[PDB]
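Form deposited in one PDB entry, single chain, as structure tokens, below.
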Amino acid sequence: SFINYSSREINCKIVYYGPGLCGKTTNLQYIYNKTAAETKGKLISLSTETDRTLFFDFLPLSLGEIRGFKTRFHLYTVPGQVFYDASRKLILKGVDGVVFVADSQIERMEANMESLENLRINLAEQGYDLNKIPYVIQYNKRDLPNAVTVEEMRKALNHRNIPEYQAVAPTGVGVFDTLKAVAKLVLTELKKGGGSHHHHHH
């Protein structure tokens, strides 16, 4: 988190991760369109010649303060086909919570498994353990006839009873349930004072 004492805001970074075309943009856009205009920034896309980043922030009005501070959530993803692994490494810098979005189609199951391993390795390369940070998994595209059962999704992707949410992102099914779950894990960590605290005088 980035705790800005001037604004009295705790800024938490939630990264949506998963294979290309699995539904990350759709999650972010659905959330963005169902967030109060007065609470949110612009929806921002940063494009290079190849890879892109999509993100926005918002300050939910329902949330109480944590020891005098409000919590602002920043949602980040690298959407679409990824050309540089470095892009997925960079998106994880400063992460506070992760949503892994799995594409439930059988044809994408190997891509899901590769992306989940890539997430664990890229986190570890920057000193994060996926087992020690707020993390939820979304089984997206439940509407498609080639979507594998939750049982098969879990056998392939979830061996630690990670909180799991079924989603159909374009219609919003499961989208807020997923976000609420990871946000609650992040907030619980903040309230208990868990994690490593660094004091900067910049």
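Heads up: residue numbers just count along the shown sequence, starting at 1. Definition used throughout: the rigid core is the maximal C-alpha set that superposes within 1.5 Å between two forms.
Another form exists, deposited in another entry; not displayed. Remarks below refer to it.
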| item | value |
| --- | --- |
| Displaced position between this form and the one not shown, chosen from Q29, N158, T53, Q166 (C-alpha, 2 Å or more, rigid core) | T53 |
| Large Cα shift (2 Å or above) at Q126 between this form and the one not shown, core-fitted | no |
| Is_shifted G94 between this form and the one not shown (CA, 2 Å cut-off, rigid core) | no |
| Rigid-core frame, C-alpha of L144, shift of 2 angstroms or more between this form and the one not shown | no |
| Sense of CA distance change between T50 and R120 in the other form, threshold 3 Å | farther |
| Direction of C-alpha distance change in the other form, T53 to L75 (at least 3 Å) | farther |
